[PDB]
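Going left to right, the sequence shown walks through residues 49 to 175 as the deposited numbering numbers them. Using N, Cα and C, we set each Cβ at its ideal position, and we do this for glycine too.
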Amino acid sequence: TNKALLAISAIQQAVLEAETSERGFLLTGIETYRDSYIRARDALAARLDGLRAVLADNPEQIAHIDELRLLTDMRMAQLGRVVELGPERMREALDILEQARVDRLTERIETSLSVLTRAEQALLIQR
Ligand SMILES: [Cl-]
């Protein structure tokens, strides 16, 4: 369980890192920020794959991870589109970044991560 909570926090981290890196790239045009977005995106996928391996024997958790993953996939597709339009297309990139806001994927992911965290905490207590 303690291993699972670390993994959950590392997922939150990677999602924030992808967002902040994408914003940094739009702002500066410095490829280093794009690299960071790519790294965070890759790390997120890897951390999701591994968390799923920790929760393999818990159907309620597997379902919650499935749900988080849906949300993180939609969010990553949003950021990736903005990164694709990029600083060379500022107005387009901004229009899309702002349109993406209406889905509240960020809030929804944080809620999704809490459900997993609380469940592991409740779980540990029970056990
Ligand atoms: Cl998954």
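- Using 8 Å as the threshold, is the segment 103-122 in touch with the segment 152-168, meaning 3 or more CB pairs across them? yes
- Item | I173 classed as buried or exposed, judged by whether at least 16 other C-beta atoms fall within 10 angstroms | exposed
- Query: By Cβ distance below 6 Å, which residues in the same chain neighbour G77 in space, the five residues on each side in sequence not counted?
  - Reply: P135
- Report yes if the C-beta of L96 is less than 6 Å from at least one heavy atom of ligand 1; otherwise report no. yes
- Within 10 angstroms of the Cβ of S57, are there 16 or more other Cβ atoms? Answer buried if so, exposed if not. exposed
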